[PDB]
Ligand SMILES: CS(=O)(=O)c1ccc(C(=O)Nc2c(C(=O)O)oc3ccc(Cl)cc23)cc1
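What follows is a single chain, given as structure tokens, in the form solved without this ligand.
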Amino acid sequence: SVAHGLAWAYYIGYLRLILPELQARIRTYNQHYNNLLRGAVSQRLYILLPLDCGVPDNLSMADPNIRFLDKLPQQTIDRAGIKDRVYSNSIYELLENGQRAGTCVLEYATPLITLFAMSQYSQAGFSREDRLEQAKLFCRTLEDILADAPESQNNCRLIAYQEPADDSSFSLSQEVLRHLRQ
């Protein structure tokens, strides 16, 4: 199964690398730019999982109620298969009814890009129906990995959603706010 392997790859090649020092990075940021923030970023990493596998080029453009505010200070990673790579995470403001309702570190799950690409390329032998099935499977597998994972406790949140196409009353910031509220 591609989703099974993708979930493990996403965990092994990203999440178990980024999550250990994430809560430290967020506390550090909440220390030094506190005068600037007049608030506090939340502790967890919020990962967007659109089931249609539609990943935009820029998250800032994706919803007018989600707004880029700041970068976390970087993290260079020193491991096998990874040498001197610079990882950065972005911090977003979430608006509700014109007002700031939350601030969190937020990003899309990259393997959805691969699932989407696989459905476009004929050499991959992957249909658009295969795609939705695999995306749900990817979400559930990853969910299960993180439940039992030493690195993943209390510091990572999966936000999976299906977007109606295309009455489009959907709000991405509403969906994130629903998880943030806890």
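Residues carry their position along the shown sequence, with the first being 1.
Keep in mind that the form deposited with this ligand bound is missing from the display, and what follows is about it.
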Determine the site state, open or blocked: transfer this ligand from its pose in the bound PDB entry by superposing the nearby C-alphas, then count ligand atoms within 2.4 Å of any backbone or C-beta atom, with 3 or more meaning blocked.
blocked
Please check if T28 has a heavy atom lying within 4.5 Å of any heavy atom of this ligand in the bound PDB entry.
yes
Can you tell me whether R38 touches this ligand? I mean in the bound PDB entry, with a 4.5 angstroms heavy atom cut-off.
no
Want to guess which of 140 to 148, 127 to 135, 153 to 161, 66 to 74 is within 4.5 Å of this ligand in the bound PDB entry, heavy atoms only?
66 to 74
